[PDB]
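Just one chain is shown here, as structure tokens, and it is the form deposited in one PDB entry.
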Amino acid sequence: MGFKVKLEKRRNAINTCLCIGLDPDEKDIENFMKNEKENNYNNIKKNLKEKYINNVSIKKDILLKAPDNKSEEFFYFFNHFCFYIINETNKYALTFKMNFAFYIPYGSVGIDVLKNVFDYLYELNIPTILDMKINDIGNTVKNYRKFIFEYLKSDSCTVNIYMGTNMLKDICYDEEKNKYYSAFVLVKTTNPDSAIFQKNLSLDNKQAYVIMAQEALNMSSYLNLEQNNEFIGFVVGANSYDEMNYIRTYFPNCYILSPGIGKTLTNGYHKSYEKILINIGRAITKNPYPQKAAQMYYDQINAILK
């Protein structure tokens, strides 16, 4: 079944539009490993006892061995840290968003964890988003479509359309198995210079982020995504209230991914939940008690619900 329905179902299931960001950096690891050594492998032992961990496809042997310190150590903890966050938070998460950048600085080892992370999430049947802000020319971008939607089995991804919209036709649609995928295009990002191009640049008097949205949203039609339970969304920085409001208003019925790590007046979007995914990452994974922080942000959101 398509992405829209996977979200539509889960949204009811847990009534929240929270999107947990799983962007583990080096610290979190060097750390998780020690707070784990400097402990009786509490979490790594709770991890090793969740149903789906037994399914991951890569180095399932290593990851499953008793804690005890090989060269697959970094791999060991990196993968288990993610399992832990997911295990500790998935309850409050409508969907998860992993940013490729955090999984690529070590080479293949990082992609192996990533891949397990998605296998684990796919098994837990939780909506996923690879924040990879991909971009490139047609036939080349299909490589990203294969990696993301095929190898990782991801539910969606972020895409930077600056160099074209036709690329969306190679990312969101696959004419070989006739499969349709969802994507999120970078429209506006609260960045002390993101507006240098997304706002100051223009055409027909409308800013650039409005131009790409229109273009993005039109490509969504041409591809027949909606009727195929898929879609193209807009990534709109949380702290971009003015822009976040215009998009929500002028573009109602559209899916919005709001990056950041936290104020909440950001819900300048609303629709019927789900169409305004509020991303929160570091605030939860860098937080000493991930499960707690999660429910906190979980409630604070169900609060701002009405």
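Residue indices: 1-based, along the sequence shown. We call the rigid core whatever largest set of C-alpha positions still superposes within 1.5 Å between the two forms.
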query: Deposited residues omitted from coordinates between residue 262 and residue 263, as a class; finding: 4 to 9
query: Count class of coordinate-free deposited residues lying between the neighbours residue 40 and residue 41; finding: none
query: Which of 243 to 251 and 22 to 30 has higher mean CA B factor, as the PDB entry lists it; finding: 243 to 251
query: 8 to 16 versus 278 to 286 - greater average Cα B-factor per the deposited record; finding: 8 to 16
query: Largest Cα B-factor, entry values, listed residues 115, 145, 133, 199; finding: 199
query: Largest Cα B-factor, entry values, listed residues 212, 93, 109, 172; finding: 212
query: CA B-factor placement of residue 105, once the chain's modelled residues are sorted into thirds; finding: middle
query: Chain third (lowest, middle, highest) by recorded CA B-factor, residue given as residue 192; finding: highest
query: Third of chain Cα B-factors occupied by residue 155; finding: lowest
query: Cα B factor band for residue 62 (lowest, middle or highest third within the chain); finding: lowest
query: Among modelled residues of the same chain, the CA temperature factor third for residue 99; finding: lowest
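Note that the form deposited in another entry isn't included here; everything after this is about it.
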| query | finding |
| --- | --- |
| Of 60, 46, 37, 270, the one whose Cα moves 2 Å or more between this form and the one not shown after core superposition | 270 |
| Direction of the Cα shift between residue 268 and residue 229 in the other form, where the change is 3 Å or more | closer |
| Direction of Cα pair change residue 268-residue 230 in the other form, magnitude 3 angstroms or more | closer |
